[PDB]
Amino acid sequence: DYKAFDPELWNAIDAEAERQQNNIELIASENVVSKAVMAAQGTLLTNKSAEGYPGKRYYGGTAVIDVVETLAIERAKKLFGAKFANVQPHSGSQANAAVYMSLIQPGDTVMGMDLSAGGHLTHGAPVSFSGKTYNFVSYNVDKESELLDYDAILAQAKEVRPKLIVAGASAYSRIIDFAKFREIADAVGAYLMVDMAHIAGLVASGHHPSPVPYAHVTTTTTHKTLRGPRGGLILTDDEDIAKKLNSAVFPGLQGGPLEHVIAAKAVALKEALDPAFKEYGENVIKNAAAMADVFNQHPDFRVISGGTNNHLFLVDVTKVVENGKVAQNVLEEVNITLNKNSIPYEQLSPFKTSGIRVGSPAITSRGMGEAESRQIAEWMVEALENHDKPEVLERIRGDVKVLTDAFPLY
């Protein structure tokens, strides 16, 4: 029994297992993976150096590795309807770096969604390799509707003439029109890359239209709504782009891939291919709308864009508490975790923000329904309204514990 050797590490792991059980997880990026996904990434596949690609490895004794990686590739292709897939990127960020490396050059102009409106760090932040290598120029949402305006974006693309347009977001509640993004790209001879990290599970379940037919390349995390292990994935229908993508991932950016994690990708993709996964996506949408509807109806809260068609939404909380940061800290005291989040045209410090971001996937994976989602959102309103009344927080904490005890994590 190995755990007696290292009690400080194994006690910390027991403490994190207890924190996840005793926590209402509303961070829109989080999920609860299956025991099968965890077991695959705890295998002796970690021992094998798999530099290269199936049948084209730097080393031998890789014929079983090749079967595992090919299952992950074949499942990604089947699940997303893509002719090519690369399952080696270590993360979403590495996936994105490989696509930029394949399609554009340093100094090339790129349009990505503004970081205040849900663009990722890797879509042009100045502190990211993305903004350091490439000239990123943001598009935003409409100032009043807080929706993407495909006319304003086309007009801006004709001025900017980007080599590449990046679509996809971390904090956008509405359906992104990939057919329109491809039209905008075509009108200026740009590539279109879609980073579907937040929405890949909903793409896989049928609850969000797929970018895969419209983007020259689609990137995603295997984690978030897809409910996989942490890692990246790249999809394309173009055979010449596929060759470039493969070279960019290895030996361009990475070395040996994590074949234990790729086994876990292959596990998670077979789960998403199952009819049960459609049911998962349905509850994800229902649960998110139920929570959004509680803030919509309360007069002291505005849901950004007025609602959600996906797993998440933002709330301006500044009427009820000073900033998103305070909202986060308060809800932490009743064992509800979400994050402070900038809202569109954020006016406060990015360290404070006006917003909270809420998602349904993790509570949905714990088997919660619209009733429990509505209930969680009522608790959130009540904790924020009573942020200075310690014995009200005390009481919500107790009510939360009855709910978590009722929906065991594992």
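Residues carry their position along the shown sequence, with the first being 1.
- For the pair 323-331 and 225-233, the mean B factor over Cα atoms is greater in 323-331.
- Comparing 298-306 with 178-186, the higher mean C-alpha B-factor in the PDB entry belongs to 298-306.
- In the deposited coordinates, the residue among 39, 45, 33, 381 with the greatest CA B-factor is 381.
- By the numbers in the PDB entry, the CA B factor is greatest at 116 among 219, 122, 88, 116.
- The PDB entry assigns residue 104 a C-alpha temperature factor belonging to the lowest third of its chain's modelled residues.
- Residue-level temperature factors show residue 239 in the lowest third of its chain, judged at the C-alpha atom.
- Among the modelled residues of its chain, residue 289 has a C-alpha B-factor that falls in the highest third according to the deposited record.
- Ranked by Cα temperature factor within the chain, residue 352 sits in the highest third according to the deposited record.
- Residue 56: CA B factor lies in the middle third for its chain, per the PDB record.
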